[PDB]
Amino acid sequence: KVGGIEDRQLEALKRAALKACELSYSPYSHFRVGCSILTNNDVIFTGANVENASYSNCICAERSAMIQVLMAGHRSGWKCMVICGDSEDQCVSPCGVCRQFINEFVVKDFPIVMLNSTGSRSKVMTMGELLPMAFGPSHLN
Amino acid sequence: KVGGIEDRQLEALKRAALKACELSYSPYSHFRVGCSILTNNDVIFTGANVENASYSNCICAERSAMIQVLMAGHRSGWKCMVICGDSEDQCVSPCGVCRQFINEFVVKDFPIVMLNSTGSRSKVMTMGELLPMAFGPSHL
Amino acid sequence: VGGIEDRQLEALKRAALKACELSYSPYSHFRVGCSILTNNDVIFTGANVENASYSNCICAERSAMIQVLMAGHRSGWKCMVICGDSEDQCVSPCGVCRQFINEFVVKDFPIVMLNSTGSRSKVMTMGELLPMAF
Amino acid sequence: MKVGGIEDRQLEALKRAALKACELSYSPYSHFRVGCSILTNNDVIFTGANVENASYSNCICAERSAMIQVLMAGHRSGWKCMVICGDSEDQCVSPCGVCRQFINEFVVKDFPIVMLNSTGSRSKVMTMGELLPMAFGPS
Ligand SMILES: [Zn+2]
Ligand SMILES: [Zn+2]
Ligand SMILES: [Zn+2]
Ligand SMILES: [Zn+2]
C-alpha cells in the first residue's frame, strides 16, 4: 500500500485522480484518464488526457500532470503518482510513451498506483518495474 | 498588430513568454523556448519546452503552455499566444506539431506572436495563416 | 502539376487510392493512403497505422516517407498524393506530417490531396501548407 | 544457443542486417544512429533506421521504421524476432517506451527482442512481456 506515503495522503491522491478525469478533452475516443502527482513538498497536481483530430498529437493524463509539476518548479523528488481511467474492469496502466516520460524525472523505486474507473481494482508498481532497462541519457555521449 | 487585444495585455504577454524560457528542461539541445497564452478572461498561462532522452517524448513550449491552460479548465476563447526562444536574430516559429495542437482550440483569426530571443522584434500571424486547410473534425 | 508529367501524376493518384488497403486502423476505422514520387520517378506508398495509445499513431504520409527514406532517397522527391477517408472533402495533411515533409523537400514541393474516391482534388505547395516553417 | 525458436544462422543474419541498417539513418540532430532488423513468420528480413526531425517530437526510431516496412509489406503478425543495434559502444541499445508500445500492438508476449551495442560486443535478449509489463495493449 505504497511505502513512504501516509494513508490520508494516498486517499487524497486517489480522490484527486478520479476527479481529474473531469478535465479530460476526449471527443474522439471518449475515454477519460485522470492523474495526480504528490510532490516532495506534499503538494498535489492533477492532469487529464487531451486528444486531437490528429491522433499523434494526443497528450496522456500522466504527461499533462507532469507538465504541471515541472512548470511549477518541482524538478524532482516526486513521491507518488496515481492514475485513474474509464476502464470498468481492468486497471489503467501508463502507456509506453508516458513511462518513458516519467522515467526521465523519477527514481527507480518511484511508486505508481493504477486504478480502474471506481478504484474497485488497484495495483502498485515502481518505475523500475514498469520500464526495465530504461533507455536514458547514458545511451547518448 | 493583434486586434481585439489591448496593447497593455500584449506587452504583458511578451514579457511572460520571455521569462517562461527559465522553466525549460532542455539538458540535451540546450535550446530554450518560452510560450504564453492569454485566456478570454485575461489570465496568463506560460509554458516551456521539456526534453527527454528519447527525442520522441519531447514537449514543445507551446504545448506545455496549452496543457496548463486546459488543465485550468479554459477549453475555449483564448485571445493570443506569444512564443519566444533562444534565437539570436530570427523569430522562433511554432512547429507543425504545435500548430495542429493549437488549431484544435482556437478560431482562424487567433493571433500568434513570434519573438526573437530578446523580444526587440516580432512577427504576427493568425492560426489560419500558419496552418491553411487544416485537418479537422469535419474530416472525421 | 508543375514539373510533373501527367503519366506520373495519374500513376501517383492511383497508387494513393489503393494504398489505403494497407491501413491498420481498428480504432478510428479511418483509412488513409499516400504515395510519393522520387526524383528517380519511382513510386512509394504508405498507409496509416494506429495504436491503442493514440500518441503512437503514424499517419500515411509518414509511413510513405519512411519507405522512401529506408530505400535511400533522402532528397529530390517530386510530388506527394494523399487520399483520405473523407467522402466529399479533400484530405489535408495534419500539422505533424507537414513538419515531417518540410524536413526533406523544397518549398515548391507539390502536395496533391484527394477525397476518398479521387473525384475531387486540391493541390498546394509545401510552403503554402507550412508557412514560416520551423 | 542464444535465442529460442531462432536458428543460429538466421540470427547471425539478423545482427548483420541491423548493423548495416544503421547507415540508412537520418540523424543530423543527435548524431546517434540506430539500426533494427525484423524476422517475419515467412522468414524474410526487414530493416530500419532512425529518422530525426528539427521538431524532436517528430522523430521515428529504427524499431518503428522497420515495423512500418514489415506492415506495409503485408506481414500483420507472426513476427519471429527483432534485433536492435545502436552507436553506443559501452552498452546495448534498448527500445524507448514509445517503440515498446508500438511493438506491443502486433506481437505476442514472448516475442524476443535482441539488443546489441555498436559493434556487437554486448548483447541482451528480453521478451516483449518483460520490456513492457501490464501493457496498455489491444488485449
Ligand atoms: Zn500515455
Ligand atoms: Zn512545436
Ligand atoms: Zn498526419
Ligand atoms: Zn524508440
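In each ligand, atom 1 is the first atom listed, and ligand 1 is the first ligand listed. Atoms considered below: every heavy atom in the structure, side chains included; atoms not considered: hydrogens, waters and symmetry mates. Letters go in sequence order (proteins before strands), and every chain restarts at 1.
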- Query: Would you say the ring centroid of A:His139 lies under 6.0 angstrom from that of D:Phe32?
  - Reply: no
- Query: If you measure from the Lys or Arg side-chain nitrogens to the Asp or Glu carboxylate oxygens, is any gap between A:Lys19 and A:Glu22 under 4.0 Å?
  - Reply: yes
- Query: In the shown structure, where waters are left out, how many protein N, O or S atoms lie under 2.8 Å from the Zn ion (ligand 1)?
  - Reply: 3
- Item | Audit row: B:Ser29, B:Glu51, side chain to side chain donor-acceptor pair (under 3.5 Å) steps and yes/no | CA-CA 8 Å; B:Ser29 72; B:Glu51 295 182 344; 2.4 Å; yes
- Going through the checks in order, is the side chain to side chain donor-acceptor pair (under 3.5 Å) test met by C:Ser55 and C:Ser53? CA-CA 5 Å; C:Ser55 182; C:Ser53 176; 5.2 Å; no
- Classify the ring geometry between C:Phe100 and C:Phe104 as parallel (under 30°), tilted (30 to 60°) or perpendicular (over 60°). tilted
- Test item: side-chain donor near acceptor, A:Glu88 and A:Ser117, under 3.5 Å: yes
